[PDB]
Amino acid sequence: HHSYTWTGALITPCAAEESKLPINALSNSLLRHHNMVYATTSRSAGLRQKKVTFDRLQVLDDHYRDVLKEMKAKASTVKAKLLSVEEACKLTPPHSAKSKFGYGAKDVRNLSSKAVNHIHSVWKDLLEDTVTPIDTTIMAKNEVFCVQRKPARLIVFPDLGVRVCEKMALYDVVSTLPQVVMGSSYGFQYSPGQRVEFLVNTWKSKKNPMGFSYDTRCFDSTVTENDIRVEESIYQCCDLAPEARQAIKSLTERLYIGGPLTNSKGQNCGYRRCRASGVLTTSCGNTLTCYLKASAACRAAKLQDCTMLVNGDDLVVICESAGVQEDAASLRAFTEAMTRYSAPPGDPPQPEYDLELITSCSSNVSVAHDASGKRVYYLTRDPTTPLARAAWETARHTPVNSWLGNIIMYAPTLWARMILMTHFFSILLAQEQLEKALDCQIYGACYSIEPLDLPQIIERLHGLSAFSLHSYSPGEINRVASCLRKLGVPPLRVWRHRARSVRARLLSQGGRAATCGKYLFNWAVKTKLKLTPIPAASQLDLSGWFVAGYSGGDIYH
Ligand SMILES: CC(C)N(c1cc(C#CC(C)(C)C)sc1C(=O)O)C(=O)[C@H]1CC[C@H](C)CC1
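Residues numbered from 1 in each chain as written, not as in the entry; some residues may be left out. Heavy atoms only, no water.

## Some points on the overall build of the chain
In terms of regular secondary structure, the chain is built from 20 helices and 14 strands. A globule of 557 residues ought to have a C-alpha radius of gyration of about 24 Å, and the chain, at 24 Å, matches this closely. With respect to the principal axes defined by its C-alpha atoms, the chain has extents near 70 × 60 × 45 Å. Among the 557 residues that make up the chain, the fraction classed as buried is 57%. Total accessible area computed for the chain in this model is approximately 23500 Å², and 52% of it derives from carbon and sulfur atoms. Side chains of the chain give 66 positive and 51 negative charges; the mean places of these two sets differ by 7 Å. (Helix = DSSP H or I, 4+ residues; strand = E, 2+ residues; numbered from the N terminus. Rg over C-alpha atoms; globule rule 2.2 N^0.38 Å. Buried < 20%, exposed > 50% of the residue type's maximum accessible area, 1.4 Å probe, protein only. Areas by Shrake-Rupley, 256 points an atom, 1.4 Å probe, with all protein chains shown as cover. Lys, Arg positive; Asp, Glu negative; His and termini not counted. Charge placed at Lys NZ, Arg CZ, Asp CG, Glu CD.)

Right under this line is the structure:
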């Protein structure tokens, strides 16, 4: 029951790869310690292969089957529909990897005859053959980090034609099923502010709360054939068209359970028998399987009143404390059960009695104060990776602008406001690119966003308090400060001056640009304006932004 087997052929790049942080004339304005930033490359793929390759054992007990039955009962209330070819085509990102069969993402999006004809042939083949494993490509991801180096993560994905078919069969299911099965525990239904609200309300709902995060070691590799078939059994509980049932069975047998791995050069690299990281069902399947295992483990451990919050392989549990000693023992039992279910821990979980000390989805709840002095809870994170990626993006145009996604998701934070907003608006001004739409990712889905729309987006997501937060926590201030020292980022006085300059220039432009100046940089001036609701904010169609997770699922909006 190996997660992978390997032929010895290398995982190869499909283009030139850089590992060292590229530098231009703008780099120093953000950070001086350039050697601390690196990107992963295929050169480290072998190290990753070694980490992700291991035998899985699974012992499934009555708690597991009990929880599964309950999940299936909820799933049976879901009705899901097939997407049309056109609907599925329109969800394809403009720069998604081209097919090996003579067409690309633009052809798909334009409903070209060649592309649509091929998609039809793939769909027909799915209905007629439920056995033959479908080819996948394995690649080493190029991702940017700060030292202390990680080996490249791997991505495994089927051809463009297949991806469109996955959407047709499964887009409605993976968008709808998780919240029905998991209710308030499904993390992707929340904006950051809503996630904070759920965490705080859950913490407050306990008489004596205790909470912990649980990090499964290499989660995708721990997912077994059993788990993937159990996932299919949950999808099949839905009210589906018979054609959809067949396509779902077929994709499960031929793609989700496993298949051959082919490198960028067309050589056979080996064989996968665990979760593929680059299929439509990666996020939903991981979320369901993590929730199933954790819920059963809570019962095995006799944790009291467990409330889960699950986002793919990311897990937070908040429960009723039974005492420090009892809590620590129950957590060990929980871990032993997760391990039996094939979800052993990377780092051992630890009980926390302060909500702000639990880190999940790389984030934590913190507190600051609004203009009226009231306490506001908001979502933050360690800014190291955001700033490292920001430095790379300062010198190179990249397919996904992490800086933009980070401003959107972390708008209320000390670091996103002081540094990211100031730095990138300065750059946009200089190049007169304020109006140019840019791609970013939210919960794995790709969105094209104009930076001039940021104040409205931020108001809709976080409320007006996002523009007035101050008196951040000492813990949060200290964490930011340490990061700035580590990377060699300029001090607050510098950022405040740059912000006043950016603000002034934005104001003189009028229109949305002036709105950006007024709202984003009100923190930087001596005499603060009293900010009021932006009229055009309600016009944004944000329905669909925080419904589901789509990491690896090739989704665009
Ligand atoms: C106390 C005051 C000087 N002040 C401030 C500075 C901090 C720091 C710092 C570092 C040491 C990390 C540089 S923390 C903090 C606060 O209000 O808690 C602010 O007006 C902040 C400035 C930045 C904007 C975006 C939000 C308001």
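Next, the rest of the story.
## Description of the pattern of salt bridges
Summed over the entire model, instances satisfying the criterion amount to 18 salt bridges. Note that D107 and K114 form a salt bridge whose closest N and O atoms lie 3.9 Å from each other. Residue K114 is classed as partly exposed on the basis of its relative accessible area of 44%. A salt bridge links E253 to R229; its shortest N-O distance comes to 2.7 Å. Remark: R229 occurs in helix α10 (residues 225-235) and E253 occurs in helix α11 (residues 242-256); sequence separation between them is 24 residues. Exposure remark for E253: the relative accessible area of 25% places this residue in the partly exposed category. Within the structure, one salt-bridge network assembled from shared partners comprises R163, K167 and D554. (Salt bridge = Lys/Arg side-chain N within 4 Å of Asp/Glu carboxyl O.)

## With respect to unusual backbone geometry
Positive phi, normally seen in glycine, also occurs at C218, with a value near 50 degrees. Tracing the backbone through its elements, the reader meets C218 in the loop between β6 (209-215) and α9 (219-222). By relative accessible area, which is 26% here, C218 ends up partly exposed. One non-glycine residue, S471, lies in positive phi territory at about 55 degrees. Relative to the helices and strands, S471 is located in the loop between α17 (454-462) and α18 (474-487). Residue class for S471 comes out partly exposed when judged on its relative accessible area of 46%.

## Focus on the environment of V365
Counting through the fold element by element, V365 comes out in strand β11 (residues 364-369). Discounting residues that sit within four places of it in the chain, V365 has contacts with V196, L199, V200, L355, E356, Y377, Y378 and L379. (Contact = heavy atoms within 4.5 Å.)

## Structural notes on the site of the ligand
Close to the ligand lie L414, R417, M418, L469, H470, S471, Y472, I477, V480, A481, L492 and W523, which account for all nearby residues. A distance of 2.8 Å is found between an oxygen atom of the ligand and a backbone nitrogen or oxygen belonging to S471. Between the ligand and the protein, one listed contact pairs an oxygen atom with a backbone N or O atom of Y472 at 2.9 Å. Listing elements by their share of the shell around the ligand, those giving two or more residues are α16 (414-430) and α18. (Near = heavy atom within 4 Å. Polar contact = N/O pair within 3.5 Å; in protein donor to acceptor, adjacent residues only side chain to side chain.)

## Details of the state of the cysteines
Here is the idea: a disulfide is a covalent bond, and it sits between the sulfur atoms of two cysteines. Considering all chains together, one arrives at one disulfide under this definition. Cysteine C440 remains unbridged, with the sulfur of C446 as its closest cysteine sulfur at 7.0 Å. (Disulfide = S-S within 2.5 Å.)

## Regarding the pairing of strand β12 (residues 375-380)
Regular strands place their side chains on alternate faces of the sheet. As paired elements, β11 and β12 share six bridges and run antiparallel to each other. Residue pairing for β12: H369 is matched across the bridge by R375. Two successive antiparallel strands, β11 and β12, enclose a turn made up of five residues, where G373 displays a positive phi of approximately 90 degrees. (Pairing = 2+ DSSP bridges.)

## Considerations on helix α2 (residues 45-52)
Burial in α2 covers these residues: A45, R48, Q49 and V52. Projection of α2 onto a plane perpendicular to its axis shows the buried side chains occupying an angular sector of 105 degrees, all on one side. Looking at α2, the residues exposed on the side facing more than 90 degrees away from the buried face are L47 and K50. Lining the buried residues of α2 we find β1 (4-6), β3 (136-140), β5 (154-157) and α9. (Arc of directions from axis to C-beta.)

## Quick look at the side chain of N263
With respect to the helices, strands and loops of the structure, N263 is situated in the loop between β7 (259-262) and β8 (268-272). In terms of polar contacts, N263 uses its side chain to reach the backbone carbonyl oxygen of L10, at 2.9 Å. Residue contacts for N263: discarding those within four places in its chain leaves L10, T12, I138, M139 and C269.

## A closer look at the packing of helix α7 (residues 160-182) against α11
Angle between the axes and distance between the axes are the two parameters that describe a pair of packed helices. Between α7 and α11, the least distance of the axes is 10 Å, while the angle of their chain directions is 140 degrees. Classified by the interaxial angle, the pair formed by α7 and α11 is oblique. Along this stretch, α7 crosses α11, giving a crossing that reads as left-handed. Along the contact surface, α7 presents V162, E166, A169 and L170, while α11 presents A247, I248, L251, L255 and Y256. Classifying every residue of the contact of α7 with α11 by side-chain character gives eight nonpolar, no polar and one charged. (Axes fitted to C-alpha atoms, helices over the stretch in contact; angles between N-to-C directions. Parallel < 35°, antiparallel > 145°, perpendicular 65-115°, else oblique. Left-handed = near helix turned anticlockwise from the far one by under 90°. Nonpolar A, V, L, I, M, F, W, Y, C, P; charged D, E, K, R; others polar.)

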